[PDB]
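To begin, one chain is listed below as structure tokens, in the form deposited in one PDB entry.
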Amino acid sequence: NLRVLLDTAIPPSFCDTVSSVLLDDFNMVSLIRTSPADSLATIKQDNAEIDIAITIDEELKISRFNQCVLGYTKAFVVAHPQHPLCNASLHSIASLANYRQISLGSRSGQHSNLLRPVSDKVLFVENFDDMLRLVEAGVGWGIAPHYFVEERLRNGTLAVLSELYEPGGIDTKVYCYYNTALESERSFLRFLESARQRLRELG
């Protein structure tokens, strides 16, 4: 049984890219969904016996796992179109650190530099739905995956704030944390090879 973690930030397509290839080589494949904020926390619990985590979250070296880059995805800073920081930028981008942020919370209470909130006014939720609900209502601003805001952006229900910080969305590496034991196993190298070249095409 190959246990596999995919965080909520990973487009649901890339999750079909993996399972397709994995099931070619492996006979039992378990797919677990975590918050980006809980991915590395989960694999660190030995009893969770995760073999592969696909997550946006970064840490220099986890005990017994190796890291590599599967590809890249795009986050966007979004708010209600009538948000103060909306319809403006550069001073707005800076002010994000003052206006209320709707942030992914974590069981560990802790965050990475990458995922920790930027604003001194933060309201925590558990997933990107509860985030973008409290954002459609103009309670604050949030940063969420492209695939979560594509629908609402063209609808005009949500507006982008991020473009002057990073045009075309904030590029974010997708990392593969794999059990060191998979290190010399064509099965896993087949997964990387395929999973990679397929997730280029989505991008």
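Only residues modelled in both forms are compared. Residue numbers here begin at 1 and follow the sequence given. What we label the rigid core is the largest C-alpha set whose atoms superpose within 1.5 Å from one form to the other.
Beyond what is shown, the protein has a form deposited in another entry; the following relates to that form.
**Student:** Return yes or no for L123: a CA shift of at least 2 Å between the shown form and the other one, with the rigid core superposed?
**Tutor:** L123 C-alpha, core-superposed: shift of less than 2 Å.
**Student:** So, does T73 move by 2 Å or more at the CA between the shown form and the other one, with the core held fixed?
**Tutor:** For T73, whose C-alpha is compared between the shown form and the other one after core superposition, the shift is less than 2 Å.
**Student:** Taking the rigid core as the superposition reference, indicate whether the CA of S92 shifts 2 angstroms or more between the shown form and the other one.
**Tutor:** Yes; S92 is a residue whose C-alpha shifts (by 2 Å or more) between the shown form and the other one when the cores are overlaid.
**Student:** Superposing on the rigid core, where do three or more consecutive Cα atoms all move 2 Å or more between the shown form and the other one?
**Tutor:** In sequence order there is one run that relocates between the shown form and the other one, which is 87-94.
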